[PDB]
Every structure is written in structure tokens, then in C-alpha cells.
Amino acid sequence: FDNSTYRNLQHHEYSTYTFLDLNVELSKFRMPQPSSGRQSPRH
Amino acid sequence: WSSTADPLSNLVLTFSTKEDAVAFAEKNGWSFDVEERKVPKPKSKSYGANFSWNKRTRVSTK
């Protein structure tokens, strides 16, 4: 146990597509989405 | 300029009811045509309908 060092260093190597890469990775864990019955409010 | 030859071109009379106007026209000898009042029918307005979950009334902008 020590408070001398900073442990939030992983965010120093985040590229431009890190957020969307993580979203693509997470896409396989989600539940199926509900459907309103139409493709669009203009349908 | 614009000339006219009849004297009743600017004559507009105001009445409270249709029956009163009919009586005036009848006693003054004029032949009349009457049109019934056009009242706008009540509407069904709803602000929430702009954000419907599955209905076409949902708006795409504000």
C-alpha cells in the first residue's frame, strides 16, 4: 500500500479509434435490441 | 383612375345574427343568398406525440 505513485497511466497510449474499437469489441456482449415495429418514423 | 357607375359598391352592413340580416334584406326588397357560418372544428393537440415511440407523428427536428 502506497499513495506515492499515480496509477491512471493507461490513458497515455490511447489512439484515435480506441473508443470505437472498444465499442466494436463490446458489440458481442449486448442483448438484442427492442423493435418499434417500423424501420423508421418515416416508414 | 378607376371609375364606377353604381352607388352601392361600397355599402357593407353589419348584423348580429343571420335572421336579422334576412329580415333587413326582405323588408328592403332585395333578393339575397345566405351562406352558413364556417366554424373551425376542434382539434386534438398533444405535445408528447412529437416524440412517439412507434407512431409516425414523431418529429425529426425542433
# chains A, B, ... in the order shown; residues from 1 in each chain; ligands from 1
call {"tool": "interface_residues", "arguments": {"of": "chain A", "to": "chain B", "cutoff": "9 Å", "atoms": "only C-alpha atoms", "output": "PyMOL selection string"}}
result
chain A and resi 35-38+40-43
call {"tool": "residues_around", "arguments": {"residues": "residue 32 (chain B)", "least_positions_apart": "6", "cutoff": "9 Å", "atoms": "only C-alpha atoms", "output": "PyMOL selection string"}}
result
chain B and resi 22+25-26
call {"tool": "select_by_dssp", "arguments": {"residues": "chain B", "states": "helix (DSSP H, G or I)", "output": "JSON, numbers by chain"}}
result
{"B": [18, 19, 20, 21, 22, 23, 24, 25, 26, 27, 48, 49, 50, 51]}
call {"tool": "atom_distance", "arguments": {"atom1": "CA of residue 5 (chain A)", "atom2": "CA of residue 17 (chain A)"}}
result
28.2 Å
call {"tool": "atom_distance", "arguments": {"atom1": "CA of residue 10 (chain B)", "atom2": "CA of residue 28 (chain B)"}}
result
17.5 Å
call {"tool": "atom_distance", "arguments": {"atom1": "CA of residue 9 (chain A)", "atom2": "CA of residue 25 (chain A)"}}
result
21.9 Å
call {"tool": "decode", "arguments": {"residues": "region 30-42 of chain A", "atoms": "N, CA and C atoms", "output": "PDB file, in the first residue's frame"}}
result
ATOM      1  N   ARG A  30     -23.907  -7.645 -26.003  1.00  0.00           N
ATOM      2  CA  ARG A  30     -25.166  -6.958 -25.760  1.00  0.00           C
ATOM      3  C   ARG A  30     -26.363  -7.875 -25.986  1.00  0.00           C
ATOM      4  N   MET A  31     -27.457  -7.566 -25.293  1.00  0.00           N
ATOM      5  CA  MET A  31     -28.738  -8.203 -25.541  1.00  0.00           C
ATOM      6  C   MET A  31     -29.357  -7.676 -26.829  1.00  0.00           C
ATOM      7  N   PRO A  32     -30.216  -8.468 -27.472  1.00  0.00           N
ATOM      8  CA  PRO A  32     -30.908  -7.979 -28.671  1.00  0.00           C
ATOM      9  C   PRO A  32     -31.761  -6.759 -28.355  1.00  0.00           C
ATOM     10  N   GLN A  33     -31.788  -5.815 -29.293  1.00  0.00           N
ATOM     11  CA  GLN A  33     -32.480  -4.555 -29.083  1.00  0.00           C
ATOM     12  C   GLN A  33     -33.982  -4.700 -29.320  1.00  0.00           C
ATOM     13  N   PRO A  34     -34.795  -3.931 -28.603  1.00  0.00           N
ATOM     14  CA  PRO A  34     -36.231  -3.903 -28.895  1.00  0.00           C
ATOM     15  C   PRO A  34     -36.506  -3.212 -30.221  1.00  0.00           C
ATOM     16  N   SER A  35     -37.633  -3.574 -30.823  1.00  0.00           N
ATOM     17  CA  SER A  35     -38.041  -3.031 -32.109  1.00  0.00           C
ATOM     18  C   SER A  35     -39.382  -2.329 -31.968  1.00  0.00           C
ATOM     19  N   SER A  36     -39.505  -1.171 -32.614  1.00  0.00           N
ATOM     20  CA  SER A  36     -40.730  -0.387 -32.565  1.00  0.00           C
ATOM     21  C   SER A  36     -41.774  -0.846 -33.574  1.00  0.00           C
ATOM     22  N   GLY A  37     -41.423  -1.754 -34.480  1.00  0.00           N
ATOM     23  CA  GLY A  37     -42.333  -2.258 -35.480  1.00  0.00           C
ATOM     24  C   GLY A  37     -42.143  -1.669 -36.861  1.00  0.00           C
ATOM     25  N   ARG A  38     -41.358  -0.602 -36.982  1.00  0.00           N
ATOM     26  CA  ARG A  38     -41.066   0.030 -38.257  1.00  0.00           C
ATOM     27  C   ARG A  38     -39.562   0.144 -38.439  1.00  0.00           C
ATOM     28  N   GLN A  39     -39.147   0.358 -39.687  1.00  0.00           N
ATOM     29  CA  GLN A  39     -37.744   0.632 -39.960  1.00  0.00           C
ATOM     30  C   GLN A  39     -37.346   2.052 -39.587  1.00  0.00           C
ATOM     31  N   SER A  40     -38.295   2.984 -39.585  1.00  0.00           N
ATOM     32  CA  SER A  40     -38.032   4.393 -39.332  1.00  0.00           C
ATOM     33  C   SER A  40     -39.354   5.119 -39.111  1.00  0.00           C
ATOM     34  N   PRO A  41     -39.359   6.251 -38.401  1.00  0.00           N
ATOM     35  CA  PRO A  41     -40.610   7.010 -38.241  1.00  0.00           C
ATOM     36  C   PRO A  41     -41.178   7.525 -39.553  1.00  0.00           C
ATOM     37  N   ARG A  42     -40.384   7.563 -40.622  1.00  0.00           N
ATOM     38  CA  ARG A  42     -40.869   7.915 -41.949  1.00  0.00           C
ATOM     39  C   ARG A  42     -41.332   6.695 -42.738  1.00  0.00           C
TER      40      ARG A  42
END
